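Shown next, in structure tokens, is the structure this report addresses.
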Amino acid sequence: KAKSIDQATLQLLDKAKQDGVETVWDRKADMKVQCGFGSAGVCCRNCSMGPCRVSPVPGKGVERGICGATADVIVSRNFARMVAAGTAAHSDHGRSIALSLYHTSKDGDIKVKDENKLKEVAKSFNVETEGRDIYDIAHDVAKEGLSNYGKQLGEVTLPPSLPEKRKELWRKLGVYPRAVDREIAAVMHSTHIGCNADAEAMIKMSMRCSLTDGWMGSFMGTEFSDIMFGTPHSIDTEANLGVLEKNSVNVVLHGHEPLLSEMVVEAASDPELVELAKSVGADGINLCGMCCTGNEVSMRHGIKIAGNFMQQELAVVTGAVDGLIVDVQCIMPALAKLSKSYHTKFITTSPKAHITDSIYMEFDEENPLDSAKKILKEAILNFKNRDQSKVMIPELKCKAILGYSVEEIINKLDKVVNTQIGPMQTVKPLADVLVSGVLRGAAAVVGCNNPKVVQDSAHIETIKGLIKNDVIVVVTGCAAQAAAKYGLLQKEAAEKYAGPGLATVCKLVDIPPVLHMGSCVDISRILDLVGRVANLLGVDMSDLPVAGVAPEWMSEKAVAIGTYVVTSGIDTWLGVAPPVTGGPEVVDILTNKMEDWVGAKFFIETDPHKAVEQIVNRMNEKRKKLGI
Amino acid sequence: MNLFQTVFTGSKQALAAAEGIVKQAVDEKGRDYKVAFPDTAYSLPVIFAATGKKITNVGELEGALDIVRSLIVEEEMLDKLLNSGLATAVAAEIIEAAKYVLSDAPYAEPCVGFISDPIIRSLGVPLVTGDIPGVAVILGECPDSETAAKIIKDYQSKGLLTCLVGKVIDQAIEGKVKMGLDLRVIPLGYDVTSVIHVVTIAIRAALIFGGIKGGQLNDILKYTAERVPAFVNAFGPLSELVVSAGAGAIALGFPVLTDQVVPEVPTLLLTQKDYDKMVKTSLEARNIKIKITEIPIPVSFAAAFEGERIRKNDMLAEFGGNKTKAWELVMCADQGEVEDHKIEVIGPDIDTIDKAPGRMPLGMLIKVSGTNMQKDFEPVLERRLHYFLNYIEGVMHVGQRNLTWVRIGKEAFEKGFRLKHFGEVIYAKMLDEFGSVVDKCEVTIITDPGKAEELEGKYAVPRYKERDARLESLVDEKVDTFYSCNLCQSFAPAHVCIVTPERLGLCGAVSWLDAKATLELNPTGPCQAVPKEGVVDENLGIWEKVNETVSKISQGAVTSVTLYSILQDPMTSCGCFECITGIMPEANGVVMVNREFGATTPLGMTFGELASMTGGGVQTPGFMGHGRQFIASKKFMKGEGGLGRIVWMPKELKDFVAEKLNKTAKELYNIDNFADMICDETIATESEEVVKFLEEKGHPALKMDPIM
Ligand code: SF4
Ligand code: SF4
Ligand code: SF4
Ligand code: NI
């Protein structure tokens with residue numbers, strides 16, 4: 001089968017074959033037929049009595065592990081641990097952001113750039129703002145956010161966009177969230193040998209844990225990032241590997257933590273570093289981003305996006321990356337080995353993400369700007385080691401428009417508001433187009449790439465099908481970057497791919513049919529948007545014609561995201577089967593019984609066209625339930 | 001029931017009503033009975049626009065129900081909803097067409113029913129000149145009569161053309177709203193299907209002014225959305241049929257406003273409960289802008305009152321006419337001779353009358369000053385003075401110069417109107433309409449008989465003589481710069497006028513001097529200078545710079561234009577020509593008909609049918625649209641032989657242009673009162689009879705060279 005639908009990706013794969021280096025596709029081929037027990041989730045290694053593998057087919061073979069655990073128990077515990085790991089990644093990101101907020105000052109490297117957003121957040125956290133210094137408010141807000149992570153007494157703080165009905169449903173179900181780290185610890189405790197051996201209770205614990213990601217960790221990370229670095233607005237950028245410059249220093253920012261990439265962007269305008277780039281024979285400094293850190297700097301500053309997850313290696317294969325600076329998460333360790341075949345300096349910066357044989361330059365949060373400057377200086381000085389005979393940059397780049405935060409979306413919707421009617425600054429125009437049926441619904445396309453799927457194929461096919469069916473699409477993460485590379489993040493795309501209702505809406509509001517809402521933590525924005533719509537219509541989020549899709553997901557973070565999206569009341573389609581087919585009870589819970597609990601459920605569909613059809617049918621069913 | 005299901009349900013009900021009424025027509029009249037709308041050239045406009053087919057008999061009307069059926073696809077997507085709205089519009093037209101089949105006069109007063117083509121062309125100019133900011137389609141019923149009257153009169157006072165469907169017609173009558181075509185308050189009918197009669201106005205505007213052929217539905221829908229500033233105000237409870245008809249208005253790009261709770265669609269379907277803000281909401285929703293007029297008079301001053309009628313029973317006093325001679329004059333003077341804001345009245349005031357409608361001489365002397373004010377701008381100001389005086393409620397002004405006629409009604413007098421308010425209105429409108437040149441304006445109203453007698457012969461008569469002399473002294477050879485008016489491009493993108501001294505604008509409201517004054521007042525206005533250089537042929541009227549200007553202004557739609565010919569590259573017309581001239585190859589001449597004429601012609605076509613052959617900005621040889629002042633011109637069909645080609649004219653038009661036509665035809669040495677040779681509908685109308693009359697009368701056309 002084809003490795004990708006992206007032509008630049010294919011050219012660089014040919015180059016990597018010529019250069020004798022191996023990619024993620026080559027390692028996937030080397031893995032051959034993957035273990036059936038692990039693929040079905042019926043393998044357990046939770047204690048040293050094991051490893052235990054039970055039959056994925058009930059009634060045949062070994063039925064129980066040594067401790068007596070059934071296939072359903074093993075599957076449910078494995079699924080819960082995936083959710084806990086994803087929640088941990090997102091919560092650690094949000095915790096770093098909250099600590100950065102706590103260390104803001106007027107004359108420091110980290111300031112408050114959006115005071116209005118900070119005051120609204122302070123209102124949401126019961127922090128007084130009138131007649132107060134802005135940094136005192138910021139510190140109080142950071143304290144409340146940090147308490148959300150580890151409070152042992154009392155209730156956590158949740159955003160006002162979350163409907164009261166959803167909160168009450170969670171409380172009745174027993175999944176109402178506690179402090180984030182406490183829920184992660186609870187999930188890890190209940191999967192220990194000889195604890196929870198009941199699939200339904202295990203799934204409920206995992207949902208409870210995922211809620212602390214969706215509504216607390218990711219939400220606080222996003223809102224505090226907006227406070228410190230600015231709320232995203234409509235902004236132009238370029239996408240795909242063609243953004244690399246042969247005649248300039250190329251600095252590629254890969255990872256998830258935004259403070260480092262923000263400081264690198266600021267350092268790139270330093271006169272001394274620009275002069276140094278000129279002195280090593282380069283035209284200038286060309287910052288490019290990849291994955292979620294690329295999404296953040298692109299949403300807030302228009303930094304060009306070099307590529308998504310499965311392109312990271314190919315970025316090095318060009319031979320033009322002088323410095324690849326990585327913080328945490330979704331950083332293929334093979335990059336270190338790959339960097340030996342080129343001049344590239346592979347720089348790790350976080351104590352959480354040491355990588356063997358990479359150059360470690362710890363990013364100092366006490367002096368973020370100076371630390372970013374020294375890291376960037378190492379990348380710039382590496383330009384002298386460039387071998388221009390090994391350089392091949394495909395001439396394939398695509399224009400994209402992004403920056404669609406909830407605030408930006410509301411500002412855009414204000415155009416189609418009659419002044420004599422109003423109100424202004426609400427999601428009411430979006431609610432109106434959804435209720436009238438001009439738009440059939442809204443769908444979030446999120447997730448990673450996965451060698452099991454032709455890279456970016458499922459993302460593009462799902463998005464095109466949805467917008468052709470007058471479903472407005474919001475995108476995050478690597479799916480958003482696939483849309484950017486393909487050319488869907490363009491106003492012109494409205495008349496090229498969208499159906500009649502969505503084309504009319506795009507023309508009236510002057511937006512692309514596909515709205516890039518940011519990184520994987522920025523999925524919280526999607527929640528926020530949906531919540532607002534629900535609160536405007538006086539219904540729960542499970543009554544709306546909305547859906548989420550993860551066509552090509554790979555990470556534990558994706559599992560946690562899908563779990564909290566379903567738990568919030570939004571049906572979720574997974575384009576890659578999770579390792580649960582071995583447990584019939586777990587499959588039945590996730591795809592059938594979940595609808596009785598939270599009004600939504602998982603859909604597993606590896607065919608994107610069938611997924612689009614199912615999404616449209618489900619949205620029409622919910623519309624008929626709602627009367628619209 | 002959601003929005004899509006409500007629209008689909010309404011369209012099916014519209015289809016059900018259309019099928020039932022068509023069955024009655026078949027059973028009573030048969031499938032061979034003729035189907036037509038009174039005085040139209042596009043058969044059933046909605047069906048002609050959508051399919052290009054003209055429906056003439058009842059049998060074809062029954063076959064038009066398949067058009068309605070094919071437009072109702074019950075799939076919840078926006079395109080199907082708009083098509084379903086168009087299905088209701090087609091069904092409503094079929095119902096209205098069957099009404100004229102069953103009953104000779106389906107509509108009685110005050111309802112007007114179908115709107116004829118000449119009416120649409122009459123209001124075509126007001127639309128382009130902005131005189132009419134938009135079309136307010138009001139249907140349903142308001143909570144009370146006063147609420148409806150307030151909203152309707154608010155639209156009327158802003159110059160909009162408002163059309164009424166349903167019980168708002170009765171509510172407005174209870175609210176004492178003055179209705180009429182000239183009052184811009186048109187009641188269409190009490191049934192919902194009567195709203196199609198204003199829809200066909202927008203549809204035929206695309207056919208007439210846009211020059212879009214029938215069957216080009218998307219181009220017509222695009223035209224009405226961009227060019228026609230119509231909107232719908234739906235008051236009272238809305239049935240499914242009303243909602244489906246509204247989807248038809250949305251399909252034409254017309255936003256629908258209502259006081260009912262509906263599934264709102266931004267910029268298209270909006271709810272506004274506050275009746276005090278409905279007018280402002282609609283103007284914003286349709287992007288309509290109205291300039292605010294401030295006037296210190298205790299009477300309503302709106303353009304829609306130009307057509308007001310005052311009965312002799314309730315008339316306070318009349319001036320002018322044959323009772324007591326009255327005059328009006330606008331003269332330019334030095335800066336010190338006129339001081340700003342000096343409204344003096346000489347003689348008795350209007351309140352001193354103590355009797356029945358009284359006779360009193362009148363005189364309006366207007367003195368304007370400015371650095372750029374010359375003697376040639378006075379005719380424009382004096383011509384707009386008539387419109388300024390006719391916009392006041394209770395005041396009717398008829399005529400010009402010393403042959404004028406002014407009447408004041410008792411309704412205006414009871415509100416405090418006096419003779420100084422004439423000066424107030426004139427001053428405000430002169431400083432507003434002509435603020436570029438009129439820096440100061442001293443207006444004096446004269447009612448003393450002696451003062452009126454002595455000032456009329458001292459200031460007015462010599463200026464009338466000099467204006468007549470200047471008008472007679474203007475020919476195309478004397479001047480060295482023409483003018484081009486592209487005002488009508490707001491509805492006819494490919495149409496450009498070239499006003500010459502001997503050929504004015506086909507609308508009749510723009511002349512060479514008017515174009516020269518508009519260029520001076522508004523250098524960025526529609527009128528721009530066109531030098532007459534690069535002459536190609538003086539006989540046919542060709543200049544190289546004129547062709548270059550027409551290509552530039554029309555964006556290459558028209559490359560070559562001839563000004564003095566009807567058969568070789570004639571100048572395009574849009575929809576507003578006062579008269580239209582068409583060749584008659586059997587009589588070796590041309591026939592002519594004005595818009596007011598509503599009878600047949602020797603060509604076998606009425607004015608509407610003839611005019612549907614040369615409009616929209618398309619070069620159509622053999623048919624020319626022109627004003628009445630171009631009939632008796634030495635450059636009228638100069639290439640084809642001149643005035644000798646006129647073989648048939650309406651009697652009213654012949655009486656209107658008789659003196660000028662005889663004077664101009666005296667150049668052909670036909671000293672015979674040439675207007676007598678030309679046939680008219682009172683002498684003969686068929687080709688055989690008119691040709692016999694020409695042969696007996698020795699018409700010059702028969703002795704000339706062949707015209708084709
Ligand atoms: S999933 Fe379990 S059985 Fe399969 S290879 Fe891994 S440890 Fe062995
Ligand atoms: S927890 Fe039970 S099933 Fe899992 S490895 Fe230990 S004994 Fe085997
Ligand atoms: S001169 Fe021509 S463009 Fe101007 S108003 Fe008259 S017809 Fe229209
Ligand atoms: Ni015209």
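Labels for the structure tokens follow display order: chains A, B, ..., residues from 1 in each chain, ligands from 1.
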Next item on the list: For residue 25 in chain B, work out the shell of residues within 9 Å, counting only C-alpha atoms and skipping chain neighbours fewer than 2 positions away, then give it as a ChimeraX atom specification.
Entry: /B:21-23,27-31,33,58,98-99,101-102
Margin query: At a cut-off of 10 Å, using only C-alpha atoms, what residues contact range 668-670 of chain B? Leave out same-chain residues fewer than 5 positions from it and give the result as an MDAnalysis selection string.
Written below: chainID B and resid 641:644 662:663 699:700
Same residues, N, CA, C and O atoms, output as a compact mmCIF listing (two decimals), in the first residue's frame:
```txt
# COMPACT_ATOMS: atom_id res chain seq x y z
N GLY B 641 -32.20 58.60 -43.27
CA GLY B 641 -33.00 59.55 -44.02
C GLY B 641 -33.72 60.58 -43.18
O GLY B 641 -34.37 61.46 -43.75
N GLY B 642 -33.66 60.52 -41.85
CA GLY B 642 -34.25 61.56 -41.02
C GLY B 642 -35.67 61.30 -40.57
O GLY B 642 -36.04 60.17 -40.25
N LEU B 643 -36.48 62.36 -40.52
CA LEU B 643 -37.85 62.26 -40.03
C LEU B 643 -38.80 61.65 -41.05
O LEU B 643 -39.89 61.22 -40.67
N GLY B 644 -38.39 61.56 -42.31
CA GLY B 644 -39.27 61.04 -43.34
C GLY B 644 -39.66 59.60 -43.12
O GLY B 644 -40.62 59.13 -43.73
N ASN B 662 -42.99 69.55 -37.23
CA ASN B 662 -43.21 70.32 -38.45
C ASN B 662 -42.05 71.27 -38.71
O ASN B 662 -41.58 71.39 -39.86
N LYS B 663 -41.55 71.93 -37.67
CA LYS B 663 -40.44 72.85 -37.86
C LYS B 663 -39.19 72.12 -38.35
O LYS B 663 -38.48 72.62 -39.23
N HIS B 699 -46.62 60.40 -48.57
CA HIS B 699 -45.63 60.41 -47.50
C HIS B 699 -44.22 60.36 -48.07
O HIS B 699 -43.98 59.65 -49.06
N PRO B 700 -43.26 61.10 -47.50
CA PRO B 700 -41.88 61.06 -48.03
C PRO B 700 -41.24 59.69 -47.93
O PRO B 700 -40.34 59.38 -48.72
```
Item checked: Within 6 Å of chain A: residues of chain B, using only C-alpha atoms, as a PyMOL selection string -> chain B and resi 2-3+78+263-266+281
Item checked: Distance query range 77-82 of chain A at most 7 Å, only C-alpha atoms, self and fewer than 6 positions along chain excluded, as a PyMOL selection string -> chain A and resi 41+187-188+191+202-203+206+556+559
Note to self: Applying 10 Å and only C-alpha atoms, which residues near residue 558 in chain B remain after dropping the ones on its own chain fewer than 4 positions away? List them as number ranges by chain.
What the structure shows: B: 494-496, 547-554, 569, 571-572, 617-619
Notebook entry, point to check: Residues within 9 Å of ligand 3 (only C-alpha atoms and all ligand atoms), as a PyMOL selection string?
Noted result: chain B and resi 125+128-129+484-489+492+495-499+504-511+515+526-527+573-577+626
Write out the residues from the selection above, keeping C-alpha atoms, as a PDB file, in the first residue's frame.
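Saved file again-v5.pdb follows:
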```pdb
ATOM      1  CA  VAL B 125     -35.489  55.135 -13.208  1.00  0.00           C
ATOM      2  CA  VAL B 128     -31.498  53.521 -10.501  1.00  0.00           C
ATOM      3  CA  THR B 129     -31.384  57.177  -9.370  1.00  0.00           C
ATOM      4  CA  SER B 484     -21.808  59.864 -21.159  1.00  0.00           C
ATOM      5  CA  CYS B 485     -24.269  58.840 -18.455  1.00  0.00           C
ATOM      6  CA  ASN B 486     -23.716  55.446 -16.800  1.00  0.00           C
ATOM      7  CA  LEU B 487     -26.318  55.975 -14.075  1.00  0.00           C
ATOM      8  CA  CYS B 488     -28.503  53.147 -15.416  1.00  0.00           C
ATOM      9  CA  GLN B 489     -25.626  50.650 -15.030  1.00  0.00           C
ATOM     10  CA  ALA B 492     -28.139  47.375 -16.970  1.00  0.00           C
ATOM     11  CA  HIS B 495     -25.710  50.069 -21.147  1.00  0.00           C
ATOM     12  CA  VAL B 496     -23.961  53.438 -21.613  1.00  0.00           C
ATOM     13  CA  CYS B 497     -25.737  56.595 -22.792  1.00  0.00           C
ATOM     14  CA  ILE B 498     -24.093  59.313 -24.884  1.00  0.00           C
ATOM     15  CA  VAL B 499     -26.056  62.548 -24.451  1.00  0.00           C
ATOM     16  CA  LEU B 504     -30.716  63.525 -24.934  1.00  0.00           C
ATOM     17  CA  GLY B 505     -30.806  60.553 -22.583  1.00  0.00           C
ATOM     18  CA  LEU B 506     -33.366  57.933 -23.519  1.00  0.00           C
ATOM     19  CA  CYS B 507     -34.903  58.248 -20.049  1.00  0.00           C
ATOM     20  CA  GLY B 508     -35.720  61.871 -20.924  1.00  0.00           C
ATOM     21  CA  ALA B 509     -34.443  63.268 -17.613  1.00  0.00           C
ATOM     22  CA  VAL B 510     -30.787  63.776 -18.649  1.00  0.00           C
ATOM     23  CA  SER B 511     -29.919  66.385 -21.301  1.00  0.00           C
ATOM     24  CA  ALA B 515     -25.120  66.188 -17.991  1.00  0.00           C
ATOM     25  CA  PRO B 526     -22.471  59.169 -13.783  1.00  0.00           C
ATOM     26  CA  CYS B 527     -22.013  62.008 -16.311  1.00  0.00           C
ATOM     27  CA  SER B 573     -31.153  51.150 -24.264  1.00  0.00           C
ATOM     28  CA  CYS B 574     -31.916  49.611 -20.877  1.00  0.00           C
ATOM     29  CA  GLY B 575     -35.607  49.837 -19.980  1.00  0.00           C
ATOM     30  CA  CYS B 576     -36.510  53.471 -19.455  1.00  0.00           C
ATOM     31  CA  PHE B 577     -36.995  54.963 -22.922  1.00  0.00           C
ATOM     32  CA  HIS B 626     -35.405  57.294 -27.087  1.00  0.00           C
TER      33      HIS B 626
END
```
Next item on the list: Assign secondary structure with DSSP using the backbone only, and return the residues of range 512-621 of chain A in alpha helix (DSSP H) as JSON, numbers by chain.
Entry: {"A": [523, 524, 525, 526, 527, 528, 529, 530, 531, 532, 533, 534, 535, 536, 537, 556, 557, 558, 559, 560, 561, 562, 563, 564, 565, 566, 567, 584, 585, 586, 587, 588, 594, 595, 596, 597, 598, 608, 609, 610, 611, 612, 613, 614, 615, 616, 617, 618, 619, 620, 621]}
Export, as a PDB file, in the first residue's frame, the selected residues with C-alpha atoms.
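The result, stored in selection39.pdb:
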```pdb
ATOM      1  CA  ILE A 523      -9.645  20.466  22.056  1.00  0.00           C
ATOM      2  CA  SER A 524     -10.832  21.997  25.325  1.00  0.00           C
ATOM      3  CA  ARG A 525     -11.829  25.005  23.182  1.00  0.00           C
ATOM      4  CA  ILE A 526     -14.096  22.673  21.194  1.00  0.00           C
ATOM      5  CA  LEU A 527     -15.685  21.537  24.446  1.00  0.00           C
ATOM      6  CA  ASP A 528     -16.077  25.186  25.417  1.00  0.00           C
ATOM      7  CA  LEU A 529     -17.744  26.010  22.094  1.00  0.00           C
ATOM      8  CA  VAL A 530     -20.135  23.067  22.292  1.00  0.00           C
ATOM      9  CA  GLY A 531     -20.955  23.875  25.896  1.00  0.00           C
ATOM     10  CA  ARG A 532     -21.817  27.450  24.992  1.00  0.00           C
ATOM     11  CA  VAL A 533     -24.116  26.269  22.223  1.00  0.00           C
ATOM     12  CA  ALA A 534     -25.798  23.867  24.627  1.00  0.00           C
ATOM     13  CA  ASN A 535     -26.172  26.570  27.275  1.00  0.00           C
ATOM     14  CA  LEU A 536     -27.692  28.868  24.677  1.00  0.00           C
ATOM     15  CA  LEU A 537     -30.249  26.232  23.677  1.00  0.00           C
ATOM     16  CA  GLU A 556      -2.676   7.365  24.845  1.00  0.00           C
ATOM     17  CA  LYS A 557      -3.599  11.053  24.833  1.00  0.00           C
ATOM     18  CA  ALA A 558      -5.986  10.300  21.955  1.00  0.00           C
ATOM     19  CA  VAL A 559      -7.619   7.548  24.025  1.00  0.00           C
ATOM     20  CA  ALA A 560      -8.132   9.916  26.955  1.00  0.00           C
ATOM     21  CA  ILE A 561      -9.499  12.595  24.589  1.00  0.00           C
ATOM     22  CA  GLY A 562     -12.044  10.276  23.009  1.00  0.00           C
ATOM     23  CA  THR A 563     -13.069   9.019  26.439  1.00  0.00           C
ATOM     24  CA  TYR A 564     -13.755  12.480  27.851  1.00  0.00           C
ATOM     25  CA  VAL A 565     -15.461  13.625  24.616  1.00  0.00           C
ATOM     26  CA  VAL A 566     -17.845  10.655  24.852  1.00  0.00           C
ATOM     27  CA  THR A 567     -18.271  11.222  28.612  1.00  0.00           C
ATOM     28  CA  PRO A 584     -16.835  -8.594  24.496  1.00  0.00           C
ATOM     29  CA  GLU A 585     -18.188  -6.846  27.592  1.00  0.00           C
ATOM     30  CA  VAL A 586     -15.809  -3.881  27.088  1.00  0.00           C
ATOM     31  CA  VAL A 587     -16.797  -3.588  23.408  1.00  0.00           C
ATOM     32  CA  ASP A 588     -20.463  -3.660  24.428  1.00  0.00           C
ATOM     33  CA  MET A 594     -22.253   4.064  27.107  1.00  0.00           C
ATOM     34  CA  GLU A 595     -25.220   5.756  25.436  1.00  0.00           C
ATOM     35  CA  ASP A 596     -27.398   4.816  28.421  1.00  0.00           C
ATOM     36  CA  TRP A 597     -24.915   6.429  30.829  1.00  0.00           C
ATOM     37  CA  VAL A 598     -23.830   9.673  29.161  1.00  0.00           C
ATOM     38  CA  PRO A 608     -13.633   6.962   6.257  1.00  0.00           C
ATOM     39  CA  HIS A 609     -16.538   7.074   3.774  1.00  0.00           C
ATOM     40  CA  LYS A 610     -18.599   4.749   5.970  1.00  0.00           C
ATOM     41  CA  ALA A 611     -17.637   6.862   8.994  1.00  0.00           C
ATOM     42  CA  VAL A 612     -18.932  10.008   7.267  1.00  0.00           C
ATOM     43  CA  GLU A 613     -22.194   8.232   6.408  1.00  0.00           C
ATOM     44  CA  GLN A 614     -22.622   7.025  10.005  1.00  0.00           C
ATOM     45  CA  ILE A 615     -21.857  10.492  11.387  1.00  0.00           C
ATOM     46  CA  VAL A 616     -24.489  12.073   9.122  1.00  0.00           C
ATOM     47  CA  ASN A 617     -27.084   9.437  10.069  1.00  0.00           C
ATOM     48  CA  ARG A 618     -26.402   9.837  13.797  1.00  0.00           C
ATOM     49  CA  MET A 619     -26.582  13.640  13.544  1.00  0.00           C
ATOM     50  CA  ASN A 620     -29.914  13.389  11.718  1.00  0.00           C
ATOM     51  CA  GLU A 621     -31.188  11.030  14.421  1.00  0.00           C
TER      52      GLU A 621
END
```
Note to self: Let me see if you get this right: every residue at most 9 Å from ligand 1, counting only C-alpha atoms and all ligand atoms, written as a list in words.
What the structure shows: residues 34, 35, 36, 37, 38, 39, 40, 41, 42, 43, 44, 45, 51, 52 and 53 of chain A
Store the residues of this selection in a file with N, CA and C atoms, as a compact mmCIF listing (two decimals), in the first residue's frame.
```
# COMPACT_ATOMS: atom_id res chain seq x y z
N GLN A 34 1.83 -8.14 14.06
CA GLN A 34 1.92 -7.78 15.47
C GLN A 34 1.15 -8.79 16.33
N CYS A 35 1.55 -8.88 17.60
CA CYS A 35 1.01 -9.93 18.46
C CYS A 35 -0.51 -9.81 18.57
N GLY A 36 -1.19 -10.93 18.30
CA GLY A 36 -2.64 -10.94 18.35
C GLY A 36 -3.20 -10.69 19.74
N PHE A 37 -2.55 -11.25 20.77
CA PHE A 37 -3.02 -11.05 22.14
C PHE A 37 -2.97 -9.58 22.54
N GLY A 38 -1.83 -8.93 22.27
CA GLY A 38 -1.72 -7.52 22.58
C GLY A 38 -2.64 -6.66 21.73
N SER A 39 -2.84 -7.04 20.47
CA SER A 39 -3.73 -6.28 19.60
C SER A 39 -5.17 -6.34 20.10
N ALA A 40 -5.60 -7.49 20.64
CA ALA A 40 -6.94 -7.62 21.18
C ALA A 40 -7.06 -7.15 22.63
N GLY A 41 -5.94 -6.86 23.30
CA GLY A 41 -5.96 -6.41 24.67
C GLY A 41 -6.16 -7.49 25.71
N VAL A 42 -5.97 -8.76 25.35
CA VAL A 42 -6.17 -9.90 26.25
C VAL A 42 -4.86 -10.36 26.90
N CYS A 43 -3.78 -9.59 26.76
CA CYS A 43 -2.53 -9.87 27.44
C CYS A 43 -2.43 -8.99 28.67
N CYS A 44 -1.96 -9.56 29.78
CA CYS A 44 -1.80 -8.82 31.01
C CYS A 44 -0.39 -9.00 31.55
N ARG A 45 0.19 -7.91 32.06
CA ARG A 45 1.50 -7.98 32.70
C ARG A 45 1.50 -7.18 34.01
N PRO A 51 3.71 -12.99 32.72
CA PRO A 51 2.62 -12.50 31.83
C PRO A 51 1.50 -13.51 31.59
N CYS A 52 0.25 -13.04 31.52
CA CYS A 52 -0.91 -13.88 31.26
C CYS A 52 -1.56 -13.43 29.96
N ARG A 53 -1.89 -14.40 29.12
CA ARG A 53 -2.67 -14.16 27.92
C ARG A 53 -3.85 -15.12 27.93
```
Next item on the list: Find the residue from A:376, A:122, A:66, A:494 that sits nearest to residue 50 in chain A; use only C-alpha atoms when measuring.
Entry: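 When distances to residue 50 in chain A are compared using only C-alpha atoms, the smallest one comes from A:66.
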Check: Could you name the residues that touch residue 367 in chain A at 10 Å or less, counting only C-alpha atoms, but leaving out those on the same chain fewer than 6 positions away, as a ChimeraX atom specification?
Finding: /A:108-110
Written selection (N, CA and C atoms) as an mmCIF file, in the first residue's frame:
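Result file is again_31.cif:
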```cif
data_model
loop_
_atom_site.group_PDB
_atom_site.id
_atom_site.type_symbol
_atom_site.label_atom_id
_atom_site.label_comp_id
_atom_site.auth_asym_id
_atom_site.auth_seq_id
_atom_site.Cartn_x
_atom_site.Cartn_y
_atom_site.Cartn_z
ATOM 1 N N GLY A 108 9.305 40.707 33.934
ATOM 2 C CA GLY A 108 9.925 39.427 33.675
ATOM 3 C C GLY A 108 9.781 38.980 32.230
ATOM 4 N N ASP A 109 10.332 37.794 31.958
ATOM 5 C CA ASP A 109 10.240 37.214 30.622
ATOM 6 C C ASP A 109 8.816 36.786 30.288
ATOM 7 N N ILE A 110 8.049 36.350 31.289
ATOM 8 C CA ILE A 110 6.681 35.881 31.101
ATOM 9 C C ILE A 110 5.745 36.922 31.700
#
```
Next item on the list: Could you jot down the CA of residue 32 in chain B to CA of residue 53 in chain B separation for me, Å, one decimal place?
Entry: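 Pair CA of residue 32 in chain B / CA of residue 53 in chain B returns 17.1 Å.
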Next item on the list: Would you return as JSON, numbers by chain the members of range 121-347 of chain B that DSSP assigns to strand (DSSP E) on this structure's backbone?
Entry: {"B": [135, 136, 137, 138, 139, 140, 161, 162, 163, 164, 165, 185, 186, 187, 188, 189, 230, 231, 232, 233, 234, 235, 256, 257, 258, 269, 270, 271, 315, 316, 317, 318, 319, 320, 327, 328, 329, 330, 331, 332, 343, 344, 345, 346]}
